[PDB]
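Data block below; observations after.
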Amino acid sequence: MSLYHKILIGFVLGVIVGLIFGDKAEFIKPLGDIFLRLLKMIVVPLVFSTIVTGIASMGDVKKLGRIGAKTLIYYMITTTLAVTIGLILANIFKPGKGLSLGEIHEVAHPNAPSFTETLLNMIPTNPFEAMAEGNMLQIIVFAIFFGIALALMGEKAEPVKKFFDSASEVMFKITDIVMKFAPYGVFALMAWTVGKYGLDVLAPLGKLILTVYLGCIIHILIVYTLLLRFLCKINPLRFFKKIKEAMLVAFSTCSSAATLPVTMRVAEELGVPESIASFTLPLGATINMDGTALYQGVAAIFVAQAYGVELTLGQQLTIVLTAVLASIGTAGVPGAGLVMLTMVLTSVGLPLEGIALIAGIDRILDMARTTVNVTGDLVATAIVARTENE
Ligand SMILES: N[C@@H](CC(=O)O)C(=O)O
Numbered sequence: 001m002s003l004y005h006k007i008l009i010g011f012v013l014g015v016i017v018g019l020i021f022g023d024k025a026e027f028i029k030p031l032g033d034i035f036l037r038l039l040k041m042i043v044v045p046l047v048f049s050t051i052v053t054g055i056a057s058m059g060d061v062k063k064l065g066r067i068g069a070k071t072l073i074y075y076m077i078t079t080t081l082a083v084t085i086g087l088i089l090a091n092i093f094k095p096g097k098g099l100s101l102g103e104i105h106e107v108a109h110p111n112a113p114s115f116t117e118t119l120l121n122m123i124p125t126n127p128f129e130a131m132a133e134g135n136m137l138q139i140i141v142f143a144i145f146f147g148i149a150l151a152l153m154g155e156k157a158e159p160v161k162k163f164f165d166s167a168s169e170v171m172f173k174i175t176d177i178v179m180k181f182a183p184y185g186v187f188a189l190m191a192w193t194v195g196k197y198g199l200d201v202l203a204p205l206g207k208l209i210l211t212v213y214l215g216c217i218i219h220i221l222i223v224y225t226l227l228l229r230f231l232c233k234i235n236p237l238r239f240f241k242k243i244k245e246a247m248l249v250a251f252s253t254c255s256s257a258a259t260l261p262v263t264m265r266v267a268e269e270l271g272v273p274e275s276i277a278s279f280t281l282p283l284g285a286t287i288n289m290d291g292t293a294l295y296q297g298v299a300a301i302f303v304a305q306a307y308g309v310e311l312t313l314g315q316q317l318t319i320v321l322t323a324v325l326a327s328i329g330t331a332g333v334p335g336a337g338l339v340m341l342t343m344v345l346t347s348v349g350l351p352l353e354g355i356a357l358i359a360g361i362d363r364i365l366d367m368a369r370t371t372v373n374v375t376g377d378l379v380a381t382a383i384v385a386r387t388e389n390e
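Last residue of the sequence shown: 390 in the entry's author numbering, with the numbers rising by one and none dropped.
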């Protein structure tokens with residue numbers, strides 16, 4: 001009767017229904033879309049309110065600096081490690097061998113924005129413009145500025161501080177209201193996915209699917225589990241038990257941004273103080289996408305093998321860096337990781353025709369990479385809290 005089991009029951013029964021009815025399972029697809037829309041509804045107001053309240057409640061900008069620096073460095077390190085693992089596993093298994101489809105028809109798309117332009121785009125020219133377009137990074141930057149101001153403004157900031165502190169709680173309550181619909185939404189999503197993706201579609205790229213899932217599992221049990229058990233002295237089996245809801249929601253939804261409310265809600269029961277969680281989770285939700293980096297590395301290697309091109313060491317490292325940047329730039333919307341794969345492939349010069357190969361089964365890989373992305377945020381929160389005085 002506990003909410004998590006209800007979500008689990010919905011998940012399992014949706015899988016069963018999709019297996020039974022197959023293609024016909026799309027009929028129930030709209031029900032899942034309602035759940036996704038409801039989850040998306042909460043993100044932006046929740047993100048802004050939580051960031052502002054967390055920074056304001058901390059009341060120490062100097063403390064904020066340490067947390068931000070450590071979180072950013074950890075995100076970068078985990079992302080590079082994830083892409084490295086992806087490359088290693090892709091080389092070991094060679095998913096793209098025994099396959100060659102389509103010509104190298106035409107040159108790829110040039111003129112992607114430079115590194116400098118993306119950094120300049122993180123500051124909004126109009127905060128309401130950022131809010132309206134749902135640009136997460138701009139909203140987060142403005143919220144950080146607002147929180148610092150409130151933390152330093154002092155007595156005169158009490159009205160704004162209290163208003164946003166209450167607004168964050170209101171958004172959490174709204175999230176709790178939505179979760180009553182979570183099991184049915186997950187059921188519908190699983191039914192749709194399983195029914196749509198029949199055995200025939202997966203078998204041609206079964207080795208690619210296995211490589212991606214194995215990479216995600218290896219990341220979870222080697223990077224996160226170690227950083228919990230060896231460094232933070234946290235029993236990983238209890239950690240994942242407490243996190244389970246967020247992992248399952250991310251797996252079913254394939255949307256880190258839409259999963260953020262569940263992640264934030266779960267983080268409060270994790271034990272980390274709310275001040276660090278509020279700042280870190282929104283940032284990692286769009287900056288920390290280690291699962292995306294691993295998936296992008298694996299897909300790039302698969303595409304390279306699909307057309308006989310074997311990369312030199314320099315090319316593989318360029319994949320490391322470009323995949324890190326792409327994961328940084330990827331948004332938390334399903335299918336985003338595949339779209340950004342153009343930025344990675346173009347760097348090495350691999351044909352973009354390979355994307356057509358992945359575009360079919362993409363959702364099955366999106367599930368795993370989104371699960372890893374969501375888990376990474378909570379693991380980072382726990383580690384940062386442990387590094388400070390938890
Ligand atoms: N769907 C993933 C992004 C990706 O496609 O890699 C997410 O929202 O976290």
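All residues carry an ideal CB built from backbone N, CA and C; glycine is no exception.
Only counting the same chain, and skipping five residues up and downstream in sequence, which positions put a Cβ closer than 7 Å to that of residue i?
{"i": "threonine 118", "result": "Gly329"}
{"i": "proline 127", "result": "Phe142"}
{"i": "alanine 267", "result": "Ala277, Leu281, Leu378 and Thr381"}
{"i": "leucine 214", "result": "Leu89"}
With DSSP as the reference, label residue i as helix, strand or coil.
{"i": "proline 183", "result": "helix"}
{"i": "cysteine 254", "result": "coil"}
{"i": "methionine 1", "result": "coil"}
{"i": "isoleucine 234", "result": "coil"}
{"i": "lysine 97", "result": "coil"}
{"i": "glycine 329", "result": "helix"}
{"i": "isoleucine 148", "result": "helix"}
{"i": "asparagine 91", "result": "helix"}
{"i": "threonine 125", "result": "coil"}
{"i": "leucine 352", "result": "coil"}
Closer than 6 Å by C-beta to residue i: which residues in its own chain qualify, once you throw out the five before and the five after it? Chain order, please.
{"i": "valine 17", "result": "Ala191"}
{"i": "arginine 386", "result": "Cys232"}
{"i": "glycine 68", "result": "none"}
{"i": "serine 327", "result": "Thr79, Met289, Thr292 and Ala293"}
{"i": "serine 275", "result": "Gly54, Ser57 and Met58"}
Could you tell me whether the Cβ atoms of residue i and residue j are closer together than 8 Å?
{"i": "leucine 311", "j": "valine 212", "result": "no"}
{"i": "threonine 175", "j": "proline 273", "result": "no"}
{"i": "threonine 342", "j": "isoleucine 355", "result": "yes"}
{"i": "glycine 154", "j": "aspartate 290", "result": "no"}
{"i": "residue 398", "j": "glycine 185", "result": "Outside the modelled stretch of the chain, which goes from 1 to 390, sits residue 398, for which no answer is possible."}
{"i": "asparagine 91", "j": "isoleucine 301", "result": "yes"}
{"i": "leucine 352", "j": "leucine 345", "result": "yes"}
{"i": "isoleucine 55", "j": "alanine 151", "result": "yes"}
{"i": "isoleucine 383", "j": "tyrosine 74", "result": "yes"}
{"i": "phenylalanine 115", "j": "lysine 207", "result": "no"}
{"i": "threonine 225", "j": "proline 236", "result": "yes"}
Could you tell me which of the options sits nearest to residue i, measuring between CA atoms?
{"i": "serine 2", "options": "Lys94, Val324, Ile218 and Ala182", "result": "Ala182"}
{"i": "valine 194", "options": "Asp165, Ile20 and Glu390", "result": "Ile20"}
{"i": "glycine 335", "options": "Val309, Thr387 and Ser256", "result": "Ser256"}
{"i": "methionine 340", "options": "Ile7, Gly349, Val309 and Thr292", "result": "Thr292"}
{"i": "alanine 306", "options": "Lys40, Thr71, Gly185 and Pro95", "result": "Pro95"}
{"i": "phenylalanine 11", "options": "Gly284, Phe239 and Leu189", "result": "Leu189"}
{"i": "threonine 78", "options": "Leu64, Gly337, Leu152 and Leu321", "result": "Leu321"}
{"i": "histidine 105", "options": "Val372, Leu350 and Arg363", "result": "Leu350"}
{"i": "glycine 134", "options": "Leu202, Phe48, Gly59 and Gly65", "result": "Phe48"}
{"i": "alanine 250", "options": "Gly14, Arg369 and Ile42", "result": "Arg369"}
{"i": "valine 52", "options": "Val374, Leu226 and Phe146", "result": "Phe146"}
{"i": "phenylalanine 187", "options": "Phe35, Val348 and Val374", "result": "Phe35"}
Spatial neighbours of residue i within its chain, please: CB distance less than 8 Å, with the 5 preceding and 5 following residues excluded, ordered by chain position.
{"i": "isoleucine 148", "result": "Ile55, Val61 and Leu64"}
### Task
May I ask you to verify whether the segment 21 to 30 touches the segment 236 to 249, counting CB pairs closer than 8 Å and requiring at least 3?
no
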